[PDB]
């Protein structure tokens, strides 16, 4: 139906579709095996993630997926984003084939790796030692910032940057996902709670929430919320605060408390990201450098 772009088109018979990975506002994502994604190695298998529509898709749904496809084509390659690998547009359903992130999203990655509580019986030399260490947490924040810096340099605004939209590869590389999305910003249900209990309004910069204004600086606000997620090891922001109360607390200039076991350097960066004036928040370039300073100081 769509025109053939030989740069990106991949034969669909070289895909074997596997288990669904999740469902979005438009489309679903399925795990898949690809053969010959590298044309030099035509019979080589690789694991990829395939974006496609749901069975109840509207023409808007298709338009949104096509739009996402065209954004991916233009963004280019970066270590810290989910990269476009190919598309299937001819003689069958629309597939947008992207990198697969074997460990799933960063929020569940952190929550699954919280340290053992004090109820655990000591068993061997490391029973106190959880999987997550401070330098790895800082490297996670640093990588997200570098990925966001790259997206900004390509004039891409994410608009729902959150731990759940960052994915983790088999080597613990952070990759920003779903950056190219039509997000219906003129009809957000602010009271919307997801199937997993998320209130996405808790990531929106004030100018986005109150004035429907998005810039790279409003993504910086969301980044500070994501820093808070990281250093609470996957915690939900504004603990215990329902949306009605979020609205007035934000109007009053309320910010989240410094969370436990979080050095003042990192809470300082959080509070900078949540300065009222978007021009008084750091840029992603400044965040990359600041986090790099910490990461180097603690990676002896």
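Numbering follows the first chain given and starts at 1.
Look at the C-alpha B-factors of 195-203 and of 123-131. On average they run higher in 123-131. Taking the PDB entry as given, 185-193 carries the higher mean Cα B factor of the two stretches 103-111 and 185-193.
Going by the entry's values, 62 shows the largest Cα B-factor out of 269, 243, 32, 62.
Within the selection 152, 91, 229, 160, the deposited Cα B-factor values reach their highest point at 91. When the modelled residues of the chain are ordered by C-alpha B-factor, residue 286 sits in the lowest third. Per-chain ranking of the deposited C-alpha B factor places residue 98 in the lowest third. Sort the chain's modelled residues by C-alpha temperature factor and residue 36 lands in the middle third, per the entry. Per the PDB record, residue ranking by Cα B-factor puts residue 51 in the middle third of the chain. When all modelled residues of the chain are sorted by CA temperature factor, residue 264 is found within the middle third.
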